[PDB]
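Text of query.cif (mmCIF, C-alpha atoms and all ligand atoms) as supplied:
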```cif
data_work
loop_
_atom_site.group_PDB
_atom_site.id
_atom_site.type_symbol
_atom_site.label_atom_id
_atom_site.label_comp_id
_atom_site.auth_asym_id
_atom_site.auth_seq_id
_atom_site.Cartn_x
_atom_site.Cartn_y
_atom_site.Cartn_z
ATOM 1 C CA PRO M 1 10.151 -21.520 -27.611
ATOM 2 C CA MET M 2 10.677 -19.745 -24.294
ATOM 3 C CA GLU M 3 8.406 -19.240 -21.314
ATOM 4 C CA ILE M 4 8.403 -18.052 -17.708
ATOM 5 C CA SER M 5 5.527 -17.949 -15.247
ATOM 6 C CA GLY M 6 4.666 -16.203 -12.021
ATOM 7 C CA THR M 7 2.437 -17.171 -9.133
ATOM 8 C CA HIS M 8 0.574 -14.644 -7.008
ATOM 9 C CA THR M 9 -2.046 -15.082 -4.285
ATOM 10 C CA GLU M 10 -5.387 -13.322 -3.836
ATOM 11 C CA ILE M 11 -7.188 -13.061 -0.520
ATOM 12 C CA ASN M 12 -10.754 -12.012 0.210
ATOM 13 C CA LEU M 13 -12.171 -9.182 2.245
ATOM 14 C CA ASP M 14 -12.772 -11.360 5.327
ATOM 15 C CA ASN M 15 -9.235 -12.710 5.178
ATOM 16 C CA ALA M 16 -8.065 -9.087 4.906
ATOM 17 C CA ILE M 17 -9.890 -8.029 8.081
ATOM 18 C CA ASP M 18 -8.128 -10.892 9.897
ATOM 19 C CA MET M 19 -4.614 -9.750 9.005
ATOM 20 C CA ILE M 20 -5.696 -6.237 9.985
ATOM 21 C CA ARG M 21 -7.362 -7.205 13.282
ATOM 22 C CA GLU M 22 -4.382 -9.449 13.999
ATOM 23 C CA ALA M 23 -1.590 -6.969 13.232
ATOM 24 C CA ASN M 24 -0.251 -4.691 15.977
ATOM 25 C CA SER M 25 1.767 -2.296 13.807
ATOM 26 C CA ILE M 26 0.532 -1.249 10.360
ATOM 27 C CA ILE M 27 2.017 0.958 7.631
ATOM 28 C CA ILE M 28 -0.103 2.200 4.735
ATOM 29 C CA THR M 29 1.651 3.208 1.510
ATOM 30 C CA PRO M 30 -0.767 5.050 -0.836
ATOM 31 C CA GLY M 31 -0.135 5.976 -4.455
ATOM 32 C CA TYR M 32 -1.764 7.158 -7.678
ATOM 33 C CA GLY M 33 -4.521 4.564 -7.320
ATOM 34 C CA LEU M 34 -5.811 5.935 -4.037
ATOM 35 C CA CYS M 35 -6.146 9.339 -5.751
ATOM 36 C CA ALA M 36 -7.907 8.125 -8.892
ATOM 37 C CA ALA M 37 -10.415 6.292 -6.674
ATOM 38 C CA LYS M 38 -10.739 9.131 -4.141
ATOM 39 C CA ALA M 39 -10.280 6.630 -1.319
ATOM 40 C CA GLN M 40 -8.705 9.123 1.127
ATOM 41 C CA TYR M 41 -11.906 9.228 3.160
ATOM 42 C CA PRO M 42 -12.649 5.517 3.761
ATOM 43 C CA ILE M 43 -9.000 4.664 4.526
ATOM 44 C CA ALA M 44 -8.890 7.645 6.906
ATOM 45 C CA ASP M 45 -11.979 6.410 8.747
ATOM 46 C CA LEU M 46 -10.457 2.947 9.009
ATOM 47 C CA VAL M 47 -7.158 4.292 10.328
ATOM 48 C CA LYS M 48 -9.124 6.269 12.900
ATOM 49 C CA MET M 49 -10.875 3.158 14.275
ATOM 50 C CA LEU M 50 -7.740 1.004 14.304
ATOM 51 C CA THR M 51 -5.954 3.722 16.257
ATOM 52 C CA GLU M 52 -8.727 3.810 18.872
ATOM 53 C CA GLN M 53 -8.010 0.110 19.295
ATOM 54 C CA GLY M 54 -4.435 0.611 20.409
ATOM 55 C CA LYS M 55 -3.079 -0.246 16.956
ATOM 56 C CA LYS M 56 -0.125 1.696 15.554
ATOM 57 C CA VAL M 57 -1.200 2.848 12.076
ATOM 58 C CA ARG M 58 0.946 5.205 9.962
ATOM 59 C CA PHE M 59 1.314 6.142 6.295
ATOM 60 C CA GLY M 60 4.532 5.976 4.288
ATOM 61 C CA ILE M 61 4.630 8.581 1.487
ATOM 62 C CA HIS M 62 7.027 8.275 -1.469
ATOM 63 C CA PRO M 63 8.422 11.658 -2.638
ATOM 64 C CA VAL M 64 7.138 11.012 -6.144
ATOM 65 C CA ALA M 65 3.939 9.145 -5.263
ATOM 66 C CA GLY M 66 0.911 10.051 -7.345
ATOM 67 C CA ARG M 67 1.155 12.626 -10.116
ATOM 68 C CA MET M 68 2.175 15.823 -8.274
ATOM 69 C CA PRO M 69 4.707 16.517 -5.484
ATOM 70 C CA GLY M 70 3.128 15.930 -2.078
ATOM 71 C CA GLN M 71 -0.187 15.123 -3.715
ATOM 72 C CA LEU M 72 -0.944 12.209 -1.381
ATOM 73 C CA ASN M 73 -0.200 14.410 1.643
ATOM 74 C CA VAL M 74 -2.814 16.917 0.533
ATOM 75 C CA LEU M 75 -5.489 14.314 -0.112
ATOM 76 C CA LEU M 76 -4.915 12.608 3.234
ATOM 77 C CA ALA M 77 -4.984 15.910 5.106
ATOM 78 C CA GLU M 78 -8.225 16.744 3.315
ATOM 79 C CA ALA M 79 -9.706 13.511 4.683
ATOM 80 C CA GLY M 80 -8.621 14.357 8.220
ATOM 81 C CA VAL M 81 -5.603 12.139 8.750
ATOM 82 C CA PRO M 82 -3.359 13.479 11.567
ATOM 83 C CA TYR M 83 -0.251 15.113 10.048
ATOM 84 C CA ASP M 84 1.687 13.360 12.822
ATOM 85 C CA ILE M 85 1.010 9.853 11.478
ATOM 86 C CA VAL M 86 1.790 10.766 7.851
ATOM 87 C CA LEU M 87 5.527 10.226 7.429
ATOM 88 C CA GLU M 88 7.839 10.565 4.439
ATOM 89 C CA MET M 89 9.699 7.632 2.890
ATOM 90 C CA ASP M 90 13.112 8.537 4.304
ATOM 91 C CA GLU M 91 11.694 8.694 7.838
ATOM 92 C CA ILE M 92 9.639 5.491 7.905
ATOM 93 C CA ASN M 93 11.541 3.262 5.506
ATOM 94 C CA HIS M 94 13.727 1.814 8.245
ATOM 95 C CA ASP M 95 10.596 0.593 10.050
ATOM 96 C CA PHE M 96 9.379 -1.910 7.462
ATOM 97 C CA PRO M 97 11.327 -4.865 8.894
ATOM 98 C CA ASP M 98 9.647 -4.195 12.254
ATOM 99 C CA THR M 99 6.117 -3.926 10.859
ATOM 100 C CA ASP M 100 3.340 -6.509 10.988
ATOM 101 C CA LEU M 101 1.180 -5.347 8.087
ATOM 102 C CA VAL M 102 1.732 -3.025 5.130
ATOM 103 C CA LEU M 103 -1.387 -2.084 3.195
ATOM 104 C CA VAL M 104 -0.262 -0.998 -0.264
ATOM 105 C CA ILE M 105 -3.179 1.064 -1.555
ATOM 106 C CA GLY M 106 -3.112 2.072 -5.225
ATOM 107 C CA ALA M 107 0.672 2.107 -5.243
ATOM 108 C CA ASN M 108 3.055 0.168 -7.464
ATOM 109 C CA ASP M 109 6.150 1.866 -8.924
ATOM 110 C CA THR M 110 6.853 3.375 -5.490
ATOM 111 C CA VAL M 111 7.028 -0.093 -3.890
ATOM 112 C CA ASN M 112 8.694 -1.916 -6.774
ATOM 113 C CA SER M 113 11.433 -4.210 -5.402
ATOM 114 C CA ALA M 114 12.896 -4.615 -8.903
ATOM 115 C CA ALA M 115 14.704 -1.361 -8.119
ATOM 116 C CA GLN M 116 16.979 -3.312 -5.775
ATOM 117 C CA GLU M 117 16.618 -6.851 -7.163
ATOM 118 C CA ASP M 118 17.064 -6.411 -10.923
ATOM 119 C CA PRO M 119 20.300 -4.726 -12.127
ATOM 120 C CA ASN M 120 18.990 -4.459 -15.707
ATOM 121 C CA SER M 121 15.804 -2.697 -14.577
ATOM 122 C CA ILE M 122 14.901 0.776 -15.833
ATOM 123 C CA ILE M 123 14.254 1.757 -12.215
ATOM 124 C CA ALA M 124 17.384 0.057 -10.913
ATOM 125 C CA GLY M 125 18.658 2.011 -7.925
ATOM 126 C CA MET M 126 15.618 4.289 -7.705
ATOM 127 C CA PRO M 127 14.669 4.650 -4.031
ATOM 128 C CA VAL M 128 11.474 2.759 -3.161
ATOM 129 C CA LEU M 129 9.337 2.115 -0.092
ATOM 130 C CA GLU M 130 10.670 -1.280 1.069
ATOM 131 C CA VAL M 131 7.279 -2.765 1.933
ATOM 132 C CA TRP M 132 8.341 -6.332 1.153
ATOM 133 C CA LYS M 133 10.467 -6.346 4.293
ATOM 134 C CA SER M 134 7.510 -6.253 6.674
ATOM 135 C CA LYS M 135 5.815 -9.449 7.884
ATOM 136 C CA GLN M 136 2.720 -9.341 5.670
ATOM 137 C CA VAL M 137 1.940 -7.143 2.641
ATOM 138 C CA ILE M 138 -1.538 -6.578 1.221
ATOM 139 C CA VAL M 139 -1.570 -4.943 -2.232
ATOM 140 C CA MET M 140 -4.832 -3.167 -3.086
ATOM 141 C CA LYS M 141 -5.237 -2.426 -6.788
ATOM 142 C CA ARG M 142 -7.555 -3.601 -9.570
ATOM 143 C CA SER M 143 -5.188 -6.179 -11.028
ATOM 144 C CA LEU M 144 -1.537 -7.100 -11.459
ATOM 145 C CA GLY M 145 -1.329 -4.314 -14.039
ATOM 146 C CA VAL M 146 1.658 -2.012 -14.305
ATOM 147 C CA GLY M 147 1.980 1.540 -13.035
ATOM 148 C CA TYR M 148 3.361 4.727 -14.654
ATOM 149 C CA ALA M 149 6.767 3.189 -15.387
ATOM 150 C CA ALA M 150 5.030 0.338 -17.245
ATOM 151 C CA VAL M 151 7.193 -2.234 -15.495
ATOM 152 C CA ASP M 152 6.360 -5.546 -13.764
ATOM 153 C CA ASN M 153 6.595 -5.478 -9.952
ATOM 154 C CA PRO M 154 8.196 -8.536 -8.240
ATOM 155 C CA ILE M 155 6.424 -7.986 -4.924
ATOM 156 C CA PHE M 156 3.247 -9.417 -6.516
ATOM 157 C CA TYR M 157 4.751 -12.927 -6.587
ATOM 158 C CA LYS M 158 6.464 -12.747 -3.189
ATOM 159 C CA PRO M 159 5.493 -15.293 -0.470
ATOM 160 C CA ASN M 160 4.549 -12.577 2.024
ATOM 161 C CA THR M 161 2.342 -10.651 -0.419
ATOM 162 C CA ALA M 162 -1.419 -11.022 -0.906
ATOM 163 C CA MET M 163 -3.432 -9.304 -3.671
ATOM 164 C CA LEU M 164 -6.800 -7.833 -2.649
ATOM 165 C CA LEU M 165 -8.115 -6.878 -6.103
ATOM 166 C CA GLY M 166 -10.666 -4.114 -6.723
ATOM 167 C CA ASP M 167 -11.209 -0.351 -6.947
ATOM 168 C CA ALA M 168 -9.268 1.307 -4.116
ATOM 169 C CA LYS M 169 -12.400 3.014 -2.848
ATOM 170 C CA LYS M 170 -14.787 0.055 -3.041
ATOM 171 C CA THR M 171 -12.264 -2.077 -1.213
ATOM 172 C CA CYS M 172 -11.560 0.568 1.441
ATOM 173 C CA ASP M 173 -15.290 1.202 1.978
ATOM 174 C CA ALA M 174 -15.711 -2.517 2.621
ATOM 175 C CA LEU M 175 -12.817 -2.974 5.041
ATOM 176 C CA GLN M 176 -13.948 0.230 6.764
ATOM 177 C CA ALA M 177 -17.416 -1.259 7.300
ATOM 178 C CA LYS M 178 -16.304 -4.750 8.307
ATOM 179 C CA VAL M 179 -13.796 -3.306 10.777
ATOM 180 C CA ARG M 180 -16.692 -1.322 12.238
ATOM 181 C CA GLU M 181 -18.585 -4.596 12.663
ATOM 182 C CA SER M 182 -15.943 -5.317 15.300
HETATM 183 N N1 LIG I 201 4.245 12.614 -8.018
HETATM 184 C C1 LIG I 201 4.881 13.051 -9.101
HETATM 185 S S1 LIG I 201 5.617 14.495 -9.015
HETATM 186 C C2 LIG I 201 5.006 12.268 -10.416
HETATM 187 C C3 LIG I 201 4.951 12.906 -11.710
HETATM 188 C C4 LIG I 201 5.074 12.202 -12.972
HETATM 189 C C5 LIG I 201 5.263 10.795 -12.931
HETATM 190 N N2 LIG I 201 5.318 10.156 -11.639
HETATM 191 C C6 LIG I 201 5.506 8.708 -11.631
HETATM 192 O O1 LIG I 201 4.267 8.047 -11.270
HETATM 193 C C7 LIG I 201 4.515 6.913 -10.423
HETATM 194 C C8 LIG I 201 3.775 7.130 -9.119
HETATM 195 O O2 LIG I 201 3.972 6.027 -8.244
HETATM 196 P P1 LIG I 201 2.713 5.257 -7.630
HETATM 197 O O3 LIG I 201 3.066 4.169 -6.768
HETATM 198 O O4 LIG I 201 1.673 6.120 -7.090
HETATM 199 O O5 LIG I 201 2.155 4.814 -9.183
HETATM 200 P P2 LIG I 201 1.762 3.765 -10.319
HETATM 201 O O6 LIG I 201 2.862 2.966 -10.034
HETATM 202 O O7 LIG I 201 1.464 4.895 -11.151
HETATM 203 O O8 LIG I 201 0.575 3.205 -9.504
HETATM 204 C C9 LIG I 201 -0.720 3.282 -10.011
HETATM 205 C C10 LIG I 201 -1.303 2.037 -9.431
HETATM 206 O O9 LIG I 201 -2.601 2.161 -8.882
HETATM 207 C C11 LIG I 201 -3.502 1.303 -9.499
HETATM 208 N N3 LIG I 201 -4.800 1.952 -9.680
HETATM 209 C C12 LIG I 201 -5.214 2.868 -10.613
HETATM 210 N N4 LIG I 201 -6.504 3.159 -10.394
HETATM 211 C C13 LIG I 201 -6.869 2.444 -9.358
HETATM 212 C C14 LIG I 201 -8.096 2.350 -8.707
HETATM 213 N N5 LIG I 201 -9.136 3.058 -9.119
HETATM 214 N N6 LIG I 201 -8.239 1.492 -7.596
HETATM 215 C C15 LIG I 201 -7.201 0.741 -7.134
HETATM 216 N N7 LIG I 201 -6.012 0.841 -7.780
HETATM 217 C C16 LIG I 201 -5.823 1.674 -8.879
HETATM 218 C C17 LIG I 201 -2.827 0.729 -10.758
HETATM 219 O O10 LIG I 201 -3.025 -0.688 -10.849
HETATM 220 P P3 LIG I 201 -4.349 -1.379 -11.500
HETATM 221 O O11 LIG I 201 -4.414 -0.891 -12.902
HETATM 222 O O12 LIG I 201 -4.110 -2.868 -11.362
HETATM 223 O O13 LIG I 201 -5.501 -0.945 -10.607
HETATM 224 C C18 LIG I 201 -1.380 1.169 -10.681
HETATM 225 O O14 LIG I 201 -0.473 0.098 -10.946
HETATM 226 C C19 LIG I 201 6.060 6.858 -10.287
HETATM 227 O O15 LIG I 201 6.622 5.930 -11.263
HETATM 228 C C20 LIG I 201 6.522 8.281 -10.591
HETATM 229 O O16 LIG I 201 7.892 8.324 -10.982
HETATM 230 C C21 LIG I 201 5.191 10.872 -10.389
#
```
Will you turn the file into structure tokens for me?
Ligand SMILES: NC(=S)c1ccc[n+]([C@@H]2O[C@H](COP(=O)([O-])OP(=O)(O)OC[C@H]3O[C@@H](n4cnc5c(N)ncnc54)[C@H](OP(=O)(O)O)[C@@H]3O)[C@@H](O)[C@H]2O)c1
Amino acid sequence: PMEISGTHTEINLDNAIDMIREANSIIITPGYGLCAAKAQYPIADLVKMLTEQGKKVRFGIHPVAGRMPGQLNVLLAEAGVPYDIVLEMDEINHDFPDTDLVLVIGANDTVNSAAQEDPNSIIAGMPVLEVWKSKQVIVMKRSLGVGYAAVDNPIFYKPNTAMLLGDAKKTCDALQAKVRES
């Protein structure tokens, strides 16, 4: 007769645009989900607009993000993202504590804090993008489902994390549009 629960929060599109329009420095960490949804394009358009608004928007790529080495880099470059704003984990990781908003798009295992928080975890020690250290984190995936490593991710139930559920492309097409309506 045992039980444990977890509480996560979900925000809506409009609320999302606020955090985005309010943040000065943003870091986007894409993963397998962004690929499966083919959301390189909408998120690239969005990043373009936000950058023309004086906002500092950059991507943080995990070495083993997606399903092939440097796969996210290729997809972003195909969408037009400036190679200069696409940084690797080791180069941008120390900037999470100084970031206003981290948009986690279709990523999970690569931003799993259990790597550092749970000693009995199968990914214990594995380097991860420390997104939970920034001010506000918005996780964009279809649910609180697991990733490749089939392991629960603690950042879902963290105070500074908000879940914006839905296909990575539908969501990104929406934010892209609503940010244009600004
Ligand atoms: N890159 C290489 S070389 C490679 C090779 C083999 C294995 N791996 C492993 O694969 C993992 C990759 O890390 P990651 O962060 O990219 O991966 P996962 O942790 O694989 O992330 C996939 C996440 O995206 C979501 N997703 C899937 N389709 C989506 C969609 N259409 N729209 C929005 N979200 C969607 C999933 O959640 P929902 O189901 O809730 O949407 C899922 O939890 C690592 O564990 C790595 O070790 C990498």
List the residues selected by the PyMOL selection byres (((not hetatm)) within 10 of (chain I and resi 201)) in the file shown, writing them as number ranges by chain.
M: 29-39, 61-72, 104-112, 123, 126, 128-129, 139-153, 164-172
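CA of residue 130 in chain M sits 28.8 Å away from CA of residue 3 in chain M.
Using all atoms listed in the file, the smallest distance between any of M:42, M:23, M:1, M:122 and residue 178 in chain M comes from M:42.
The shortest atom-to-atom distance to residue 80 in chain M, with all atoms listed in the file taken into account, belongs to M:45 out of M:158, M:114, M:138, M:45.
Going from CA of residue 103 in chain M over to CA of residue 118 in chain M, you cover 23.6 Å.
The result of the PyMOL selection byres (((chain M and resi 60) around 7) and not hetatm) on the shown file is residues 27, 28, 29, 58, 59, 61, 62, 86, 87, 88, 89 and 92 of chain M.
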Take the residues from that selection and put them in a file with C-alpha atoms, as a short mmCIF file (atom, residue, chain, number, x, y, z; two decimals), in the coordinates of the input.
```
data_model
loop_
_atom_site.label_atom_id
_atom_site.label_comp_id
_atom_site.auth_asym_id
_atom_site.auth_seq_id
_atom_site.Cartn_x
_atom_site.Cartn_y
_atom_site.Cartn_z
CA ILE M 27 2.02 0.96 7.63
CA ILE M 28 -0.10 2.20 4.74
CA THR M 29 1.65 3.21 1.51
CA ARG M 58 0.95 5.20 9.96
CA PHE M 59 1.31 6.14 6.30
CA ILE M 61 4.63 8.58 1.49
CA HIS M 62 7.03 8.28 -1.47
CA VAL M 86 1.79 10.77 7.85
CA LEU M 87 5.53 10.23 7.43
CA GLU M 88 7.84 10.56 4.44
CA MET M 89 9.70 7.63 2.89
CA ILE M 92 9.64 5.49 7.90
#
```
Edge lengths and centre in Å to one decimal, as lines of an AutoDock Vina configuration file, is what I'm after for the box along x, y and z that holds all listed atoms of range 50-53 of chain M once 5 Å is added on each side.
```
center_x = -7.3
center_y = 2.0
center_z = 16.8
size_x = 12.8
size_y = 13.7
size_z = 15.0
```
Would you kindly return, as a PyMOL selection string, each protein, DNA or RNA residue with an atom no farther than 7 Å from any atom of range 6-21 of chain M, considering all atoms listed in the file and excluding same-chain residues fewer than 4 positions away?
chain M and resi 156-157+162-164+175+179
Within 7 Å of file point (-6.3, 11.4, 1.7), counting all atoms listed in the file, expressed as a VMD selection string
chain M and resid 39 to 41 44 72 to 79
Counting only C-alpha atoms, find the residues whose atoms lie at most 9 Å from (8.3, -10.1, 3.2) (file coordinates) and write them out as a ChimeraX atom specification.
/M:97,131-137,155,158-161
Using all atoms listed in the file, find the one residue out of M:176, M:116, M:90, M:55 that sits nearest to residue 22 in chain M.
M:55
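Here CA of residue 154 in chain M and CA of residue 25 in chain M stand 23.8 Å from one another.
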